[PDB]
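*Asks:* Residue numbers (the entry's author numbering), protein chains in the order written: chain A, 4067 to 4211; chain B, 4406 to 4453; chain C, 1457 to 2388, 2410 to 3098; chain D, 4502 to 4598. Backbone N, C-alpha and C define an ideal beta-carbon position, used for all residues, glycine too. My questions all concern the structure below.
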Ligand SMILES: Nc1ncnc2c1ncn2[C@@H]1O[C@H](COP(=O)(O)OP(=O)(O)OP(=O)(O)O)[C@@H](O)[C@H]1O
Ligand SMILES: Nc1ncnc2c1ncn2[C@@H]1O[C@H](COP(=O)(O)OP(=O)(O)O)[C@@H](O)[C@H]1O
Ligand SMILES: Nc1ncnc2c1ncn2[C@@H]1O[C@H](COP(=O)(O)OP(=O)(O)O)[C@@H](O)[C@H]1O
Ligand SMILES: Nc1ncnc2c1ncn2[C@@H]1O[C@H](COP(=O)(O)OP(=O)(O)O)[C@@H](O)[C@H]1O
Ligand SMILES: [Mg+2]
Ligand SMILES: [Mg+2]
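Written out as structure tokens, the structure reads:
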């Protein structure tokens, strides 16, 4: 159950989803939680005094923001998502994301096209690390492209 | 009729205006450091 | 005797006047002909007023007064009877036609049944007697109509659920507002009333075509007039329900558009693949079918021809039939182009322009294909272009046509679009089409971003119209919350329409994140729907929106256009950006747009014109001086090209009229070839861009035009009729008018430019510094247009930033989702409704005030080609063609380019309003308007006397020119000085009139008047041009005037002129003649209302009396404690007709403070001319004194809401009542301001528009001589209690002045925020010494010095922070006392433990430390056993602190501000001392749920106890209790005044009044009125309530508190406890 | 004539693009042509060995990023920036070549 934070109805839906999932064991994801730091503090205080199901998981996807409460950061486990370090890592991540069944399709030339496209994406994204020369401005060349 | 002078007068005008503003502001800062004048809101911010 | 004749005529008219009645379904007889009665009453009122103007009005004054009375009663009755009738009609249409509302909502159905019974009884009673008066004189008729309106409006707001179900039934209802939806539902039977509601429901359907019976829908029509005739007409008799036959109309429109498109394609295939085309047949085909249909037919024909030609070349080595297609396209283009150069009807002209643009696109595409050597239809160079494929074989007519681009496939929606303006298919537009179609194929959204003016919204609209979709533009802003967007998305899903949410990023970022859910769910639903396995049999994909399952139509889409990097914008969350395919729109192809536009308008040299006009715009944008209001984007070019087309058309019409007038010789080709297109383009450019130019950019742009367009000149036409109207209007308004180079040529030229821009644009901006004639320019233009064209011109002046944006546009309740109209929205909706014929009048909505992106950006869709005002509840208001949006601003520093590019700019420099025009206006107004006939004669004579000086290069102008060279406390504006001078001269005229009145036997001669007027003019110039500067600048201005002037001046060598007044005898008399050495009474020494008269005191009192006598608002600016309030109250005492009311502005002051004061002290009354706000007392002038007018916060956009509110209430003479958006005009109210200099911290300089109206006088600190005189007078008065000490008054006051001067010098505001010293310290010093000396009968010199030193310590050492400062204070007190009092025994008088207490004796005598300590120990034991069992350890500082607190608790209105580290015992010591002094300690109990209402309740309780029960209370309050700024605001008001005006209201106010009456009876006073009782309550609260404020010694916290609540540092004695030493 | 003759560092000017526009329109007025018929002819030479004709203008301080200009021809270089000695820009008729 994925809920985007930012509205009061969003808070109510998130609370209901968490209260149902701690018993049913389902997963709950909340997006852009960095916009409501006080509700983050309340949610962390709620989480500390709780006994969840074995399979329950809570994902709090946020933007790197100093306004996020420190206690929530200490309570949870932090994953940082950011540009891959290099061309090789970028291609590795691109190939990992794409399902194997999709590349290995009936035309045998699809795989080479995918490799070329992944190399192009890696070059485009790695050039972005060089703001004045590689490009003219920090474009949003991302996974959607 | 000369576009050169049309642009050129604008250059000299802005240069003189901004030069006068900067010199007056810096003289005010110097006078504040010497204590001969009080600090105003704009002058206090500029000091900041 | 024509008065009696006209009155008899009107009597006969009204007696014969009968009320027209028409039936309604055999139920009742409605009133008809509202406009006739309305303008009959209006012209009768005008006639009666004109009679009142006549001198013979006296004999028929009573009769005309009674006639006005009954006419106003008719107005009052019929201004609400029409509303009641209409609302009953479209409520009965709901409560009778629909049967579901009975079971759904029965209770207000029964209520409406009763109301309808009452209304029909009233209507039948009216029908019995159709006479107007017999209807009018009915008892209780007005109250009955008002109650009916109240009840019907109550019912109308209680129909939301039924409206939601109706919107569910028919999807297109979602875009229809509350009132409009009830109107549609009620008037289903009366379809003639629904014609004005179709425009907001369909794309271009503005009205439907009905038969004679109004029972069969024959077809539809657009705003232009183009008609679509249904193949199978739909009969509403078979389908009575509104939604059913509306859906049938929609479906029949789709079907008939499909069939007509099929026929049109079949017909146009002949024109295609044809070597030659007959112009007559092609014109017939164009005329036969609609614009969108002919464009679609041309597109289909060209696409099929190109596909067929490409298929031929499949082998590669075949011929090139694409050349045949290109030749065919070129031939057709030539045919249409030759058709354009001759005249056509407007509809056919628009069709030709659309087809020419489309065929230019087709020719360019075909040329590109031929160049690219494309031979295969499957090549991407052909697939990327937008292709149309027609299937006449398809059984379903709607799927006959398929539109494809790349791999995307769409079906034409067949929604009638009307005649829309197509866009030139530039390469950027093609890129947009490709990207957006690719996004739609992936079931994503489109996000074309970029700087404003790049054709983002228009490109999306053009693409949506290309596919035949319903495109909606929503001007998004920060009140588009989650629920409103959910409702909008539900409407889009159910209708099947595109949503263009322009300015998407303006939303709150959290709201964007929330809306991401709805966007993602809709996109997933569409993605599932697009799967081919889904079939018609299964239910359509239902998405979950707002916890509701909503059917999602395939055709829907979501487009958002955002403008990055501007103000008032958010950043989109990444989970939202990934749902939209963004596209960059930065550089539109301006040259191609210009070329195609000019080619379609009929310009033969379009290529050269574009190649000369497009680099010209870059030349202007790069060479002209950079300014905030300059714009040279695509919108400016579009305006120029449209203006050029219009100018060409009017020139052709002029040539035709000339040729038909002079003989008969007309040839279209001869006119076309002989036509100066260069000149037309130059004229359009000058008419569009010259107004916005600054004075030094006009010749630059003219030379640029000469460089790019040599040989052509601009000869602006002379609007002789308009100039005559302007001359007449300027005559009637005492304005200076001049043609060309005369005085006033530039202003009238600007007025003509404004007229031209109003003619072109629907949005204007009169930009220019305050004092440039913008207001007068547009007022004169409006009146001239009214008097010229014969159409009545009205204006609604709205101040945008004087009220909150929620009050300006409206708001939505998050709980009930009910819409309340704002100020601007109400005005626009009322104009659109045209309930009283507002569409026939010229309506101008003028936004006089500051502009920032927060409020103006919601007008983006209004100023666009859309001309829509989009509301959060989904409603859109179409701008009427006669409405103009005007902005009257001084600067556009803070407005974004999106606003700048939308408004025609007219720049008013300060050179436009020459000082000579102001002088002439003043002289004419003086000669015409009486000031109170003797008044007129004296006033004209004075004007004649002042004429030589009020001239160019005269004394006044030269002095004003020298004035700006001086240093003023506030920035010097020309109109401020001029208005001050004019007011003072009017006061001089009134002084002459009073002198004549006091001397009936001997009126003033000419020589006295001449000398008096000359001397007073010099005096007024001196006190107006330098009244707001120091003494040195006043002296310098006096010296300059003495050098330049020629009138007599005082002969004194060293005495400055400003020291002299102008006596009524016409001679200079020094002000010192009015400064007596008065001897103050001993019991009145240093009393609050006692003023020692000195030079500055009398001068400023005279100046304030002069300004307030005119009811002219004024501001006294000076350092704190200088004497501004004292001077004002001293001057106001000479005006017994003016009652002053106290206001205390702070950092968080809002106009709600002024509104509460108005409610408390004034009352709103309904008058024939409108709502007038006047004081409750009759004949008294309320004076609102704002003590800290310049503290209110300036926003990030440089504005103060309360300052704008005051400026609106001063300049326009009133404000707007946001309860019902009714203009309220102030009566008998003026404003007086006081403020520290803006250079002081926390002080914000006032806007130049506000300073224009208010003179400023600078009240500086009294000098050492003035201080010596004043406090020597007090000391001599005080020292009469002790005859033996009478010789020490002079050294005592000398020592006090010396110590105060060194204390001011040593400690400044730089070190600490509270280090302020003023004569207030001397006043408290004298008060303390007098109170100490009052009970004692004898006392030696040493005792007096000891009291003096004790008060010096308690004043100058209490507030200090550092220990070194206190050591310096001690040493300086010692040295000063030794210097001024030699030969006294220092030890007895200056032992270091200087302590005074009245605890060990009945008298305030010095007390030794040990006995005081023992007494404090005993009292502490008693306190422990009684109140608080918290043991305390005594030390010297505790004794000092308790002595200080006891001192404060014994003074009236004595509040405390204790500053020190927490846990130092501040609260405990305060409670202990209050327990000694009998004060009942009150503390507010703060919890996490403590809010503003709880604080208000606590304040109410403490004020009730301390004002009605006469119970002394020590209100102890801590900074931890301050949870909101409202706490501090209420505390500030209570501390400064002793009463909170808005605290008591309604039930609580009546209860307080009863309690105050009981308390006054208990004290034995006889008061019964509410005003006197409230004054007594305020006095008791002042005398009884004490507030002790405790706070931590924060550095920045103290500075913030010094601005958010100035009262703590003025009314509260500040003690710095600090940490324990 | 002196205004046209002197060499101007484009970096020091507040709006160098307006300077370029001014010289463009000056030369256009000299040749009485239209702007879109005018292109750029840029010659990079040493200040000492420089001759300015009726259509030439002196520009100093232009920095070349990642290339070197020798005899009006560019060579890719590993140097970050290469200061152009003196930039002479001319306005001539378009040849649409
Ligand atoms: N044509 C005129 N001839 C003479 N006096 C004029 C004329 N037009 C305006 N004035 C006077 O000049 C002053 C300017 O008034 P106005 O309100 O038009 O100025 P403004 O520039 O629009 O000011 P603001 O920025 O406060 O709106 C007024 O005193 C007005 O009476
Ligand atoms: N391709 C085009 N052909 C003709 N006119 C255009 C074209 N694109 C844009 N325009 C004009 O430019 C203006 C663009 O306004 P708009 O699209 O609202 O700007 P934005 O969307 O960037 O705020 C419109 O008035 C339109 O008439
Ligand atoms: N001529 C004077 N005679 C007597 N008192 C004066 C005179 N001038 C100034 N004062 C004292 O100065 C104080 C001015 O206070 P106030 O008018 O409230 O200043 P502000 O309005 O600037 O806060 C008064 O308390 C008054 O006693
Ligand atoms: N002179 C003193 N001797 C002993 N204890 C003291 C003294 N002054 C204050 N205290 C202690 O301070 C406490 C009260 O602090 P309080 O006055 O509420 O702090 P604040 O002044 O910040 O409100 C009491 O419990 C008392 O024990
Ligand atoms: Mg737009
Ligand atoms: Mg004005």
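(1) Mapping DSSP to helix, strand and coil, what is residue 2301(C)?
(2) Out of 1813(C), 2205(C) and 3076(C), which one is the CA nearest neighbour of residue 1796(C)?
(3) How big is the Cα-Cα spacing for residue 4177(A) and residue 4190(A)?
(4) Would you kindly work out how many angstroms separate the C-alpha atoms of residue 2852(C) and residue 2572(C), rounded to a whole number?
(5) Please confirm whether residue 2075(C) has its beta-carbon closer than 8 Å to some beta-carbon of chain D.
(6) For the structure I just gave you, are there three or more beta carbon pairs, one from the segment 2071-2080 of chain C and one from the segment 1827-1836 of chain C, closer than 8 Å?
(7) Should residue 2034(C) be flagged as near chain A, meaning a C-beta pair shorter than 8 Å?
(8) Cβ atoms of residue 1912(C) and residue 2012(C): under 8 Å apart, would you say?
(9) Assuming residue 1844(C) contacts residue 1755(C) under a Cβ cut-off of 8 Å, what Cβ separation, rounded to an integer in Å, is found between them?
(10) At 7 Å on the CB atoms, spell out the chain B contacts of residue 4526(D), in chain order.
(11) Using a C-beta to C-beta distance shorter than 8 Å, which residues of chain B count as neighbours of residue 4505(D)?
(12) May I ask you to list the residues that DSSP assigns as paired with residue 2658(C)?
(13) Does at least one heavy atom of ligand 3 sit under 7 Å from the Cβ of residue 2797(C)?
(14) Pick out the complete beta strand (DSSP E) segments inside the segment 1658-1682 of chain C, 3 residues or longer, and give them in chain order.
(15) 8 Å is my cut-off, CB to CB: does residue 2078(C) come that close to chain D?
(16) With 8 Å set as the bound, which would you pick, yes or no: does the beta-carbon of residue 4075(A) sit closer than that to a beta-carbon of chain C?
(17) In angstroms with no decimal places, state the Cα-to-Cα distance between residue 1472(C) and residue 1596(C).
(18) I need the DSSP call for residue 1904(C), collapsed to helix, strand or coil.
(19) Can you list the beta strand (DSSP E) stretches of 3 or more residues lying completely in the segment 4097-4182 of chain A, in chain order?
(20) If you follow the beta strand (DSSP E) that residue 4069(A) is part of, which residue opens it and which one closes it?
(21) Do you know offhand how far residue 1401(C)'s Cα is from residue 2352(C)'s?
(22) According to DSSP, is residue 2005(C) helix, strand or coil?
(23) With a cut-off of 8 Å, does the C-beta of residue 4412(B) fall near any C-beta of chain C?
(24) Taking only heavy atoms of ligand 2 into account, decide whether any of them is closer than 7 Å to the Cβ of residue 2319(C).
(25) Nearest-angstrom Cα distance between residue 4549(D) and residue 4406(B)?
*Replies:* If we stick to the structure as given:
(1) strand
(2) 1813(C)
(3) 20 Å
(4) 32 Å
(5) yes
(6) no
(7) yes
(8) no
(9) 5 Å
(10) 4408
(11) 4409
(12) 2615(C)
(13) yes
(14) 1663-1666 and 1672-1677
(15) yes
(16) yes
(17) 24 Å
(18) strand
(19) 4123-4127
(20) 4068-4070
(21) Outside the modelled stretch of chain C, which goes from 1457 to 3098, sits residue 1401(C), for which no answer is possible.
(22) strand
(23) yes
(24) no
(25) 32 Å
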